[PDB]
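Novice: Just passing along the structure, written as structure tokens.
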Amino acid sequence: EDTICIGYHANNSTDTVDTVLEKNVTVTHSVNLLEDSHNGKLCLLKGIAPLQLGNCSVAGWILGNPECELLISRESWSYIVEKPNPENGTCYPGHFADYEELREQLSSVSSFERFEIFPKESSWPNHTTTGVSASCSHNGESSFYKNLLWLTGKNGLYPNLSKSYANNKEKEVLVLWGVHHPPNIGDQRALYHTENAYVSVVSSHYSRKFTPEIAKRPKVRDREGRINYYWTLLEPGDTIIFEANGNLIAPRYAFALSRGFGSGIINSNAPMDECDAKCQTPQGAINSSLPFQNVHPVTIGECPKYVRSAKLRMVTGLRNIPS
Amino acid sequence: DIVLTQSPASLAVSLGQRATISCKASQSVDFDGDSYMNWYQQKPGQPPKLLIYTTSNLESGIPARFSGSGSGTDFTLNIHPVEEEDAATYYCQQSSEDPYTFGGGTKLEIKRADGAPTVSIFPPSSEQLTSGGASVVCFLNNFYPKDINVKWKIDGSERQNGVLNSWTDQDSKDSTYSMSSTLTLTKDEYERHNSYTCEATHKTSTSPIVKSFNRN
Amino acid sequence: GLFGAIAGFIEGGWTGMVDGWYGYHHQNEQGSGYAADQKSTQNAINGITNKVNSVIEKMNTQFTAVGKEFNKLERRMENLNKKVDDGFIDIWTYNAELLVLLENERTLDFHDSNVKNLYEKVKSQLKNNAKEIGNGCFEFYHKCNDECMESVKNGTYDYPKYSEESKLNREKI
Amino acid sequence: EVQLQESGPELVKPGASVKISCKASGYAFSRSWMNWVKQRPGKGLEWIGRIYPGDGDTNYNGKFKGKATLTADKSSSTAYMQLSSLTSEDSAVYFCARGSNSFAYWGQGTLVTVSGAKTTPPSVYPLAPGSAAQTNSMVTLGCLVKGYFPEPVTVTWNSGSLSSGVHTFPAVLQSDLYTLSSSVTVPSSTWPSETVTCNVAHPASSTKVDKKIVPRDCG
Ligand SMILES: *[C@@H]1O[C@H](CO)[C@@H](O[C@@H]2O[C@H](CO)[C@@H](O[C@@H]3O[C@H](CO)[C@@H](O)[C@H](O[C@H]4O[C@H](CO)[C@@H](O)[C@H](O[C@H]5O[C@H](CO)[C@@H](O)[C@H](O)[C@@H]5O)[C@@H]4O)[C@@H]3O)[C@H](O)[C@H]2NC(C)=O)[C@H](O)[C@H]1NC(C)=O
Ligand SMILES: *[C@@H]1O[C@H](CO)[C@@H](O[C@@H]2O[C@H](CO)[C@@H](O[C@@H]3O[C@H](CO)[C@@H](O)[C@H](O)[C@@H]3O)[C@H](O)[C@H]2NC(C)=O)[C@H](O)[C@H]1NC(C)=O
Ligand SMILES: *[C@@H]1O[C@H](CO)[C@@H](O[C@@H]2O[C@H](CO)[C@@H](O[C@@H]3O[C@H](CO)[C@@H](O)[C@H](O)[C@@H]3O)[C@H](O)[C@H]2NC(C)=O)[C@H](O)[C@H]1NC(C)=O
């Protein structure tokens, strides 16, 4: 006739949660802890855009694989995106020594200064800077690496070169060179005019003398003879010296680089859409508010932890039992 | 309001023959000398096309093999002869009283000779692998009739959890069905096997049709 | 559930009472309605939202997990890298799912506790002036007022004022 | 020559409102009644309401009298329809049609969707035969479309150049993400001799992505 009643709220939300004692229980109020949505684009970390390599590999990037020309002078970036199967790697067949480390070292870096370490005009006068391969084609035209110089002989001679570079750039510089192994001894006599060739590159923290080895090889990219690539990071203040009498593809452009943190290598086919989200994945960017995302394992910068779970909802309210 | 009860619900007529569709009505659809009843053609993925208006008037363009007839509480539609194109669903529609209402709809199936599915199986893409998952698709194109059964065997052991099947409606120029099956396995569990087989048991053969692949 | 109140002797939830999670009804002679207990519902929201904010805080966000790429002759390292990544994902996934499955019961049990605790707070005031009838309801043996309906909620009921009147009506049931 | 062009597919959360548009051209728009019909997947066609763009005179189905509102723009020759407080049952395909007692000319139809997930574009994965075995003079090819929430996707082949027996299977939902497949049947002589790209579109996110299919690898 005249009463007081104690009860507990019920709402029309169908938010379902799983507990230890039972599962799939409908609840008044819930919060989702798992972020389950991306956008499938390549945003700009923080404000600095990525470096989309596109067709090129990181190998063809640094050496300037002539089909990679327009992605040069892009020295400001937040992270580098490679196609999973890059079909423009090293134009000249051969071995790229310590590829993976240079790949890893060029993941921390955030700035280059592409500078001419050995200017062609005033550093290789006696020799021939006109070294072009047919394999490194561009516009149906023979070209070569736009960061190295194929040094052949001039006027039939090829004297002992002994140039050197002092690291006066106050930062770590990354020098790149190549050693030649001609197809047969005949071309070795014609390119460098010495059957006993040597290339040494020496610094305060590096010394490796290269001897070439001319032999028959399987044909790759139509050029039988192979070029072998090598690299070294000069400490600020040391001097690297190059001396040779044959088979040296010397650097022309080196990279004075400043390390940073926050960048890496993602490979994906996503498009770039100028969307400035706080963290990227190969399959897009994360809304970034939650503490758990299952979109993809590989991430770049201030994403939530990756857990391979379907849904993680936390009960904030209580059991929903309406009329 | 008026409810248009349409008969039959499913229909199958062989080529070069007549097809009859009835449409009863809760009330009499008659309006000052004519019957405000219309028929429509809806092929899958398309909006309805207007066939017959005011219970017998054929609209221009569409061929003269379509016949609308009837008066009062019930009307009929004839197709003579039925063509391959006519693989679609058909609705009746009254326009006498607010609100205008449609019938339940009926699907026209063309009876043709039986067929054998041309089976195709594709491995997951390399880019798909990087997503933390992988899916093998088994295409079954150009068979007849509907009934077909696909079974997935991972290294010979039949797998039934994680399959996804979707059928296509009859081709408008082939009188022909298709369907596709997809296993959605994890990236890790996909790489724990080599033999991936999808067998299809059909009316066209006593023993199942099989096509498969290995990762080498 | 665990204290017998939620989905127990309070068989269902009130579709009304949007004011909060817990409350009273007080079907009176003047007018019925709903009124949520602001005291116990503010403790509940302040505790659950501290639970949730505590949980995320213990998991600092991860930065720039890129995935190392090894060559054709370092398979031992590559398989090692997989285990140290898939291993962490195995732990973090497992260590997160159970944190959800476990603490969701504690959120439901905590609501079951609060209602049970609140139902006894009303009982301890209405000692013999009322009876228990509809499993969470009290019959006023003294014909309470809206003044006195608010005078059962904020610690504002006393037996003595209505006791002897209540003592009268108990003798006929 | 008379065409009703409809708007794009839309996605909204329950309780919100939408304007769907239908622009007319090819006839005297100012003079003929406009119509809206609702088709739930599977269930039957339902007529909604009518606008007469000469006078703005409206007729409303007794069922839809509160859910739908109709207007028109005479200068722009466009018809607008507004739906309020959308629920699950309103998720369907909506058609704009012209006619008074016989719905004559129909629109394209948009698929407005009402659910919890969000707009995500799909990834496209090519599907190569894999085994180098000639099943016949023909080889079947295809593209898979995974992970996209709002339903409409259109799969063309070489920008629609290949109409020869192309199949587009209906999408299937897995954990709030539609996935579907497409196939072709191109002569084995002209593949991989000639480029076979599949062109897919997701109108709900304005994303067009291509992927020429190529044979598999390990070679
Ligand atoms: C940047 O990226 C682009 C795109 O990939 C590159 O262009 C690509 O170049 C390659 C190589 O030139 C092209 O592939 C060749 O295409 C030509 C047609 O012009 C064709 O003749 C050639 O056949 C080769 O493939 C066979 C497959 O194994 C080889 O085995 C074969 O060699 C055999 O036969 C000779 C006969 O003398 C023997 O001597 C050999 O030993 C061997 O037995 C033959 O060489 C390839 O198919 C490719 O087509 C082209 N891309 C496009 C889209 O066309 C650029 O080169 C790259 N940039 C740089 C600087 O590298
Ligand atoms: C990156 O490399 C890929 C190949 O690895 C390049 O794809 C190529 O794209 C071109 C178009 O730019 C295709 O060329 C032809 O186009 C004409 C148009 O007239 C058409 O008649 C041909 O059928 C063909 O489509 C070429 O086929 C395609 N490559 C292959 C192997 O099919 C891409 O262009 C490169 N991107 C950059 C920025 O360098
Ligand atoms: C190419 O190499 C030749 C060497 O075969 C360079 O020629 C001469 O090199 C010397 C030593 O570097 C230069 O010094 C001068 O030598 C003369 C010898 O009589 C001496 O009298 C001088 O006091 C001085 O020490 C010499 O200037 C140089 N000659 C010329 C004409 O340049 C040559 O410079 C190299 N480059 C080119 C472009 O030829």
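To be explicit about the labels: the chains of the structure tokens are called A, B, and onward in the order shown, and within each one the residues are counted from 1, while ligands get numbers from 1 in the order they are shown.
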Excluding residue 156 (chain D) and its own-chain neighbours fewer than 3 positions away, which residues fall within 6 Å of it when counting only C-alpha atoms? Please give them as an MDAnalysis selection string.
Specialist: chainID D and resid 159:160 198:199
Novice: Hey, which residues come within 10 Å of ligand 3 if we count only C-alpha atoms and all ligand atoms? Could you give them as a compact mmCIF listing (two decimals) with C-alpha atoms, in the first residue's frame?
Specialist:
# COMPACT_ATOMS: atom_id res chain seq x y z
CA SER A 122 89.31 17.95 -59.62
CA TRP A 124 90.07 12.01 -60.96
CA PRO A 125 91.82 14.07 -63.68
CA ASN A 126 94.27 11.51 -65.04
CA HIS A 127 91.56 8.83 -65.18
CA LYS A 154 92.59 7.39 -70.02
CA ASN A 155 95.17 7.54 -72.83
CA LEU A 157 97.23 4.42 -68.81
CA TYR A 158 95.70 4.06 -65.35
CA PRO A 159 98.20 5.33 -62.75
CA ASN A 160 98.16 4.58 -59.03
Novice: Residues within 10 Å of ligand 2 should be enumerated using only C-alpha atoms and all ligand atoms and returned as an mmCIF file with N, CA, C and O atoms, in the first residue's frame.
Specialist:
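As a result, selection.cif now contains:
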data_model
loop_
_atom_site.group_PDB
_atom_site.id
_atom_site.type_symbol
_atom_site.label_atom_id
_atom_site.label_comp_id
_atom_site.auth_asym_id
_atom_site.auth_seq_id
_atom_site.Cartn_x
_atom_site.Cartn_y
_atom_site.Cartn_z
ATOM 1 N N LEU A 53 59.859 4.828 -51.087
ATOM 2 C CA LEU A 53 60.823 4.358 -52.075
ATOM 3 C C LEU A 53 60.124 3.911 -53.351
ATOM 4 O O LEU A 53 60.650 4.100 -54.454
ATOM 5 N N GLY A 54 58.940 3.325 -53.221
ATOM 6 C CA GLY A 54 58.232 2.846 -54.395
ATOM 7 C C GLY A 54 58.926 1.636 -54.988
ATOM 8 O O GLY A 54 59.209 0.651 -54.298
ATOM 9 N N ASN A 55 59.208 1.709 -56.290
ATOM 10 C CA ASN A 55 59.794 0.581 -57.004
ATOM 11 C C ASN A 55 61.177 0.215 -56.493
ATOM 12 O O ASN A 55 61.613 -0.926 -56.679
ATOM 13 N N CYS A 56 61.870 1.150 -55.858
ATOM 14 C CA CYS A 56 63.272 0.977 -55.523
ATOM 15 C C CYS A 56 63.448 0.251 -54.198
ATOM 16 O O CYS A 56 62.609 0.340 -53.297
ATOM 17 N N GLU A 67 67.026 4.329 -62.229
ATOM 18 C CA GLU A 67 65.569 4.368 -62.186
ATOM 19 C C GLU A 67 65.035 4.908 -60.865
ATOM 20 O O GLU A 67 63.812 4.985 -60.693
ATOM 21 N N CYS A 68 65.918 5.287 -59.937
ATOM 22 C CA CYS A 68 65.548 5.812 -58.629
ATOM 23 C C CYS A 68 65.883 7.290 -58.490
ATOM 24 O O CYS A 68 66.015 7.788 -57.368
ATOM 25 N N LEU A 70 64.516 10.343 -59.000
ATOM 26 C CA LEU A 70 63.718 11.445 -58.470
ATOM 27 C C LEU A 70 63.534 11.377 -56.957
ATOM 28 O O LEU A 70 63.170 12.390 -56.351
ATOM 29 N N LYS A 83 58.739 -1.333 -51.304
ATOM 30 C CA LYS A 83 57.841 -2.349 -51.831
ATOM 31 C C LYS A 83 58.356 -3.730 -51.434
ATOM 32 O O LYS A 83 59.572 -3.939 -51.367
ATOM 33 N N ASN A 85 58.631 -6.699 -52.832
ATOM 34 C CA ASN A 85 59.564 -7.189 -53.842
ATOM 35 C C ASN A 85 60.022 -6.003 -54.676
ATOM 36 O O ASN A 85 59.404 -5.677 -55.700
ATOM 37 N N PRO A 86 61.093 -5.317 -54.278
ATOM 38 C CA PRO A 86 61.593 -4.194 -55.081
ATOM 39 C C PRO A 86 62.269 -4.707 -56.343
ATOM 40 O O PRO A 86 63.220 -5.489 -56.281
ATOM 41 N N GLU A 87 61.764 -4.272 -57.494
ATOM 42 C CA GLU A 87 62.293 -4.716 -58.774
ATOM 43 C C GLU A 87 63.343 -3.761 -59.326
ATOM 44 O O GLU A 87 63.782 -3.929 -60.469
ATOM 45 N N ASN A 88 63.747 -2.756 -58.542
ATOM 46 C CA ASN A 88 64.935 -1.945 -58.823
ATOM 47 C C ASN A 88 65.833 -1.980 -57.593
ATOM 48 O O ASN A 88 65.797 -1.089 -56.742
ATOM 49 N N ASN D 158 40.578 -4.744 -66.364
ATOM 50 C CA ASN D 158 41.202 -3.906 -67.388
ATOM 51 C C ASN D 158 40.324 -2.699 -67.710
ATOM 52 O O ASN D 158 40.117 -2.344 -68.873
ATOM 53 N N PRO D 192 50.283 -14.945 -69.176
ATOM 54 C CA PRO D 192 50.624 -13.569 -68.796
ATOM 55 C C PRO D 192 51.252 -12.776 -69.936
ATOM 56 O O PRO D 192 52.083 -11.901 -69.693
ATOM 57 N N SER D 193 50.849 -13.090 -71.170
ATOM 58 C CA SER D 193 51.350 -12.356 -72.326
ATOM 59 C C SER D 193 50.945 -10.889 -72.268
ATOM 60 O O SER D 193 51.751 -10.001 -72.571
ATOM 61 N N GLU D 194 49.703 -10.613 -71.877
ATOM 62 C CA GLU D 194 49.185 -9.255 -71.823
ATOM 63 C C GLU D 194 48.751 -8.914 -70.405
ATOM 64 O O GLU D 194 48.377 -9.791 -69.620
ATOM 65 N N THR D 195 48.805 -7.622 -70.089
ATOM 66 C CA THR D 195 48.571 -7.164 -68.728
ATOM 67 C C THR D 195 47.108 -7.351 -68.344
ATOM 68 O O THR D 195 46.203 -6.914 -69.064
ATOM 69 N N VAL D 196 46.876 -7.996 -67.208
ATOM 70 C CA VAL D 196 45.531 -8.223 -66.683
ATOM 71 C C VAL D 196 45.481 -7.576 -65.304
ATOM 72 O O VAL D 196 45.842 -8.187 -64.293
ATOM 73 N N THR D 197 45.036 -6.324 -65.258
ATOM 74 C CA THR D 197 44.808 -5.611 -64.009
ATOM 75 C C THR D 197 43.332 -5.690 -63.652
ATOM 76 O O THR D 197 42.470 -5.657 -64.536
ATOM 77 N N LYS D 212 47.524 -5.286 -60.926
ATOM 78 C CA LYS D 212 47.781 -6.279 -61.955
ATOM 79 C C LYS D 212 48.200 -7.579 -61.293
ATOM 80 O O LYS D 212 48.993 -7.580 -60.347
ATOM 81 N N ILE D 213 47.658 -8.667 -61.755
ATOM 82 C CA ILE D 213 48.064 -9.941 -61.189
ATOM 83 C C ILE D 213 49.266 -10.435 -61.972
ATOM 84 O O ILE D 213 49.412 -10.187 -63.176
ATOM 85 N N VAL D 214 50.158 -11.116 -61.263
ATOM 86 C CA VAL D 214 51.367 -11.691 -61.845
ATOM 87 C C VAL D 214 51.533 -13.098 -61.298
ATOM 88 O O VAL D 214 50.978 -13.440 -60.245
#
Novice: With a cut-off of 6 Å and counting only C-alpha atoms, select all residues of chain A in contact with chain C and give the selection as a PyMOL selection string.
Specialist: chain A and resi 2-10+19-20+262+264+298-305+307-308+315+318+321-322
Novice: Could you write those residues out with N, CA, C and O atoms, as a short mmCIF file (atom, residue, chain, number, x, y, z; two decimals), in the first residue's frame?
Specialist:
data_model
loop_
_atom_site.label_atom_id
_atom_site.label_comp_id
_atom_site.auth_asym_id
_atom_site.auth_seq_id
_atom_site.Cartn_x
_atom_site.Cartn_y
_atom_site.Cartn_z
N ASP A 2 2.03 1.16 0.66
CA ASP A 2 2.94 2.30 0.79
C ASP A 2 4.33 1.73 1.06
O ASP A 2 4.62 1.33 2.19
N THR A 3 5.18 1.70 0.03
CA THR A 3 6.37 0.86 0.05
C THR A 3 7.61 1.63 -0.40
O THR A 3 7.54 2.72 -0.96
N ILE A 4 8.77 1.01 -0.12
CA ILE A 4 10.08 1.45 -0.59
C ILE A 4 10.78 0.24 -1.21
O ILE A 4 10.64 -0.89 -0.72
N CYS A 5 11.51 0.47 -2.30
CA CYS A 5 12.06 -0.62 -3.09
C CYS A 5 13.50 -0.31 -3.47
O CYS A 5 13.80 0.81 -3.87
N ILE A 6 14.37 -1.31 -3.37
CA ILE A 6 15.78 -1.18 -3.76
C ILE A 6 15.99 -1.95 -5.06
O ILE A 6 15.62 -3.12 -5.16
N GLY A 7 16.60 -1.28 -6.04
CA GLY A 7 16.83 -1.89 -7.34
C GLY A 7 18.08 -1.36 -8.00
O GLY A 7 18.71 -0.41 -7.54
N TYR A 8 18.42 -1.99 -9.13
CA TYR A 8 19.65 -1.71 -9.85
C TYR A 8 19.37 -1.43 -11.32
O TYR A 8 18.49 -2.06 -11.92
N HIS A 9 20.12 -0.49 -11.88
CA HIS A 9 19.81 0.09 -13.18
C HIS A 9 19.93 -0.94 -14.30
O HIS A 9 20.73 -1.87 -14.24
N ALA A 10 19.11 -0.75 -15.33
CA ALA A 10 19.18 -1.52 -16.56
C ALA A 10 19.03 -0.58 -17.75
O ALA A 10 18.22 0.35 -17.71
N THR A 19 33.19 -13.15 -18.99
CA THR A 19 33.77 -13.27 -17.66
C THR A 19 34.38 -14.66 -17.47
O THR A 19 34.39 -15.49 -18.39
N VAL A 20 34.89 -14.90 -16.27
CA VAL A 20 35.50 -16.20 -15.97
C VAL A 20 34.44 -17.26 -15.75
O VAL A 20 34.61 -18.42 -16.16
N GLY A 262 62.90 6.74 -34.14
CA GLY A 262 61.48 6.79 -34.44
C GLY A 262 61.15 6.28 -35.83
O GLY A 262 59.98 6.10 -36.16
N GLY A 264 61.89 3.53 -39.23
CA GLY A 264 62.20 2.15 -39.54
C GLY A 264 61.79 1.86 -40.96
O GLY A 264 61.47 2.76 -41.73
N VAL A 298 53.87 -4.84 -36.71
CA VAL A 298 54.87 -3.80 -36.96
C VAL A 298 54.20 -2.43 -36.91
O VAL A 298 53.15 -2.21 -37.52
N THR A 299 54.80 -1.53 -36.15
CA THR A 299 54.26 -0.20 -35.91
C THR A 299 55.40 0.80 -35.90
O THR A 299 56.57 0.44 -35.74
N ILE A 300 55.07 2.08 -36.07
CA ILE A 300 56.05 3.16 -36.00
C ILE A 300 55.52 4.27 -35.09
O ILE A 300 54.78 5.16 -35.53
N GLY A 301 55.91 4.23 -33.82
CA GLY A 301 55.88 5.41 -32.96
C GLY A 301 54.62 5.66 -32.16
O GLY A 301 53.66 6.24 -32.67
N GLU A 302 54.65 5.30 -30.87
CA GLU A 302 53.59 5.66 -29.92
C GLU A 302 52.24 5.08 -30.36
O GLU A 302 51.20 5.76 -30.35
N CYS A 303 52.26 3.79 -30.77
CA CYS A 303 51.10 2.92 -30.88
C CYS A 303 50.85 2.13 -29.61
O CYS A 303 51.73 2.02 -28.74
N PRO A 304 49.66 1.55 -29.48
CA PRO A 304 49.42 0.61 -28.38
C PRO A 304 50.09 -0.73 -28.65
O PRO A 304 50.58 -1.02 -29.75
N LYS A 305 50.12 -1.56 -27.61
CA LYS A 305 50.68 -2.90 -27.72
C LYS A 305 49.83 -3.77 -28.64
O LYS A 305 48.61 -3.66 -28.68
N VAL A 307 48.24 -7.20 -29.46
CA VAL A 307 47.79 -8.47 -28.91
C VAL A 307 46.89 -9.13 -29.95
O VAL A 307 45.95 -8.51 -30.45
N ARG A 308 47.18 -10.39 -30.27
CA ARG A 308 46.40 -11.13 -31.26
C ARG A 308 45.15 -11.71 -30.59
O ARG A 308 45.01 -12.91 -30.36
N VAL A 315 33.92 -4.62 -18.43
CA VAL A 315 32.64 -4.20 -17.87
C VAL A 315 32.87 -2.99 -16.98
O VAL A 315 33.62 -3.06 -16.00
N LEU A 318 26.98 -3.11 -14.95
CA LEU A 318 26.58 -4.34 -14.28
C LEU A 318 25.65 -5.13 -15.19
O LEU A 318 25.36 -4.72 -16.32
N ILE A 321 19.43 -6.65 -16.98
CA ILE A 321 18.22 -7.48 -17.00
C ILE A 321 17.00 -6.56 -16.98
O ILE A 321 16.56 -6.14 -15.90
N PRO A 322 16.43 -6.22 -18.14
CA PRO A 322 15.25 -5.36 -18.16
C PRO A 322 13.95 -6.13 -18.03
O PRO A 322 13.96 -7.36 -17.86
#
Novice: Enter the distance from CA of residue 19 (chain D) to CA of residue 37 (chain A), in Å, rounded to one decimal.
Specialist: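 CA of residue 37 (chain A) lies 25.9 Å from CA of residue 19 (chain D).
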Novice: Got a sec to check which residues lie within 10 Å of ligand 1, using only C-alpha atoms and all ligand atoms, and send them as a PyMOL selection string?
Specialist: (chain A and resi 55-56+60+64-68+86-93+133-140+142-145+217-224) or (chain D and resi 219)
Novice: Any chance you can output those residues with C-alpha atoms as a short mmCIF file (atom, residue, chain, number, x, y, z; two decimals), in the first residue's frame?
Specialist:
data_model
loop_
_atom_site.label_atom_id
_atom_site.label_comp_id
_atom_site.auth_asym_id
_atom_site.auth_seq_id
_atom_site.Cartn_x
_atom_site.Cartn_y
_atom_site.Cartn_z
CA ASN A 55 59.79 0.58 -57.00
CA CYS A 56 63.27 0.98 -55.52
CA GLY A 60 69.10 1.13 -55.25
CA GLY A 64 71.25 6.03 -57.01
CA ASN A 65 69.95 3.22 -59.20
CA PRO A 66 69.24 5.38 -62.28
CA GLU A 67 65.57 4.37 -62.19
CA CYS A 68 65.55 5.81 -58.63
CA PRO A 86 61.59 -4.19 -55.08
CA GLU A 87 62.29 -4.72 -58.77
CA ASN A 88 64.94 -1.95 -58.82
CA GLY A 89 67.64 -3.14 -56.46
CA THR A 90 71.28 -3.11 -57.50
CA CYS A 91 71.44 -2.43 -61.24
CA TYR A 92 74.88 -4.01 -61.46
CA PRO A 93 74.92 -7.69 -60.42
CA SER A 133 76.80 0.13 -68.13
CA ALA A 134 74.01 -1.09 -70.37
CA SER A 135 72.35 -2.92 -67.47
CA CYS A 136 71.70 0.35 -65.61
CA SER A 137 69.40 1.70 -68.30
CA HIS A 138 67.26 4.82 -68.03
CA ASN A 139 64.89 6.11 -70.74
CA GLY A 140 66.25 3.36 -72.97
CA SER A 142 72.80 3.45 -70.80
CA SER A 143 73.48 4.98 -67.38
CA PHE A 144 75.30 4.16 -64.16
CA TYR A 145 75.10 4.70 -60.42
CA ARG A 217 80.42 -16.53 -64.21
CA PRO A 218 76.74 -17.12 -64.96
CA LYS A 219 75.22 -14.14 -66.74
CA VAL A 220 72.97 -11.89 -64.65
CA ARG A 221 71.27 -8.78 -66.07
CA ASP A 222 73.35 -9.49 -69.23
CA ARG A 223 76.62 -8.43 -67.54
CA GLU A 224 78.74 -11.47 -66.67
CA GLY D 219 61.87 -18.82 -59.43
#
Novice: Tell me, as a PDB file with N, CA, C and O atoms, in the first residue's frame, which residues lie within 7 Å of residue 154 (chain B), counting only C-alpha atoms; anything in the same chain fewer than 3 positions away does not count.
Specialist:
ATOM      1  N   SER B 157      43.528 -34.187 -43.918  1.00  0.00           N
ATOM      2  CA  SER B 157      42.576 -34.111 -42.817  1.00  0.00           C
ATOM      3  C   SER B 157      41.529 -33.048 -43.130  1.00  0.00           C
ATOM      4  O   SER B 157      41.866 -31.872 -43.310  1.00  0.00           O
ATOM      5  N   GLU B 158      40.264 -33.460 -43.196  1.00  0.00           N
ATOM      6  CA  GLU B 158      39.201 -32.531 -43.555  1.00  0.00           C
ATOM      7  C   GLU B 158      39.053 -31.444 -42.499  1.00  0.00           C
ATOM      8  O   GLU B 158      38.981 -31.725 -41.300  1.00  0.00           O
ATOM      9  N   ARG B 159      39.009 -30.195 -42.955  1.00  0.00           N
ATOM     10  CA  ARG B 159      38.802 -29.041 -42.095  1.00  0.00           C
ATOM     11  C   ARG B 159      37.479 -28.390 -42.469  1.00  0.00           C
ATOM     12  O   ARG B 159      37.219 -28.143 -43.652  1.00  0.00           O
ATOM     13  N   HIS B 193      51.536 -26.523 -42.753  1.00  0.00           N
ATOM     14  CA  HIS B 193      51.030 -27.567 -43.633  1.00  0.00           C
ATOM     15  C   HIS B 193      51.513 -27.300 -45.051  1.00  0.00           C
ATOM     16  O   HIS B 193      51.956 -26.196 -45.379  1.00  0.00           O
ATOM     17  N   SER B 195      49.841 -29.590 -47.928  1.00  0.00           N
ATOM     18  CA  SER B 195      48.780 -30.053 -48.815  1.00  0.00           C
ATOM     19  C   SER B 195      47.495 -29.291 -48.521  1.00  0.00           C
ATOM     20  O   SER B 195      46.968 -29.354 -47.404  1.00  0.00           O
ATOM     21  N   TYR B 196      46.992 -28.578 -49.525  1.00  0.00           N
ATOM     22  CA  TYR B 196      45.744 -27.831 -49.419  1.00  0.00           C
ATOM     23  C   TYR B 196      44.851 -28.242 -50.580  1.00  0.00           C
ATOM     24  O   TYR B 196      45.115 -27.877 -51.731  1.00  0.00           O
ATOM     25  N   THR B 197      43.801 -29.003 -50.279  1.00  0.00           N
ATOM     26  CA  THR B 197      42.914 -29.561 -51.287  1.00  0.00           C
ATOM     27  C   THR B 197      41.483 -29.116 -51.018  1.00  0.00           C
ATOM     28  O   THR B 197      41.033 -29.108 -49.866  1.00  0.00           O
TER      29      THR B 197
END
Novice: Chain D near chain A within 8 Å: what's each residue's closest atom pair and its distance in Å to one decimal, counting only C-alpha atoms, ordered by chain then ascending residue number, as a Markdown table?
Specialist:
| residue | atom | partner | partner_atom | distance |
| --- | --- | --- | --- | --- |
| D:118 | CA | A:37 | CA | 7.2 |
| D:119 | CA | A:39 | CA | 7.9 |
| D:120 | CA | A:39 | CA | 5.4 |
| D:121 | CA | A:40 | CA | 6.4 |
| D:122 | CA | A:40 | CA | 7.7 |
| D:123 | CA | A:40 | CA | 7.9 |
Novice: Please dump the current selection as a tab-separated table (two decimals), in the first residue's frame; keep N, CA and C atoms.
Specialist:
chain	number	residue	atom	x	y	z
D	118	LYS	N	33.49	0.96	-38.31
D	118	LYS	CA	33.83	2.22	-38.95
D	118	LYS	C	34.29	1.98	-40.38
D	119	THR	N	34.36	3.08	-41.14
D	119	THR	CA	34.70	3.01	-42.56
D	119	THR	C	36.17	2.67	-42.74
D	120	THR	N	36.45	1.54	-43.39
D	120	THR	CA	37.81	1.11	-43.69
D	120	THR	C	37.87	0.65	-45.14
D	121	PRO	N	38.84	1.12	-45.92
D	121	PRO	CA	38.98	0.65	-47.30
D	121	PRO	C	39.57	-0.74	-47.35
D	122	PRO	N	39.38	-1.47	-48.45
D	122	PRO	CA	39.87	-2.84	-48.54
D	122	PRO	C	41.24	-2.97	-49.18
D	123	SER	N	41.93	-4.04	-48.80
D	123	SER	CA	43.15	-4.45	-49.47
D	123	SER	C	42.81	-5.42	-50.60
Novice: Compile the contact shell of residue 48 (chain A) as a PyMOL selection string: residues with an atom at most 8 Å away, counting only C-alpha atoms, same-chain residues fewer than 5 positions apart removed.
Specialist: chain A and resi 76-78
Novice: I need the chosen residues saved as a PDB file, in the first residue's frame, with N, CA and C atoms.
Specialist:
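result_3.pdb, written as the output of this step:
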ATOM      1  N   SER A  76      64.663  14.849 -45.855  1.00  0.00           N
ATOM      2  CA  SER A  76      63.829  14.988 -44.670  1.00  0.00           C
ATOM      3  C   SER A  76      62.715  13.954 -44.736  1.00  0.00           C
ATOM      4  N   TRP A  77      62.667  13.065 -43.746  1.00  0.00           N
ATOM      5  CA  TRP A  77      61.654  12.017 -43.728  1.00  0.00           C
ATOM      6  C   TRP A  77      61.481  11.507 -42.303  1.00  0.00           C
ATOM      7  N   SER A  78      60.420  10.728 -42.108  1.00  0.00           N
ATOM      8  CA  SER A  78      60.089  10.145 -40.818  1.00  0.00           C
ATOM      9  C   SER A  78      60.263   8.642 -40.779  1.00  0.00           C
TER      10      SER A  78
END
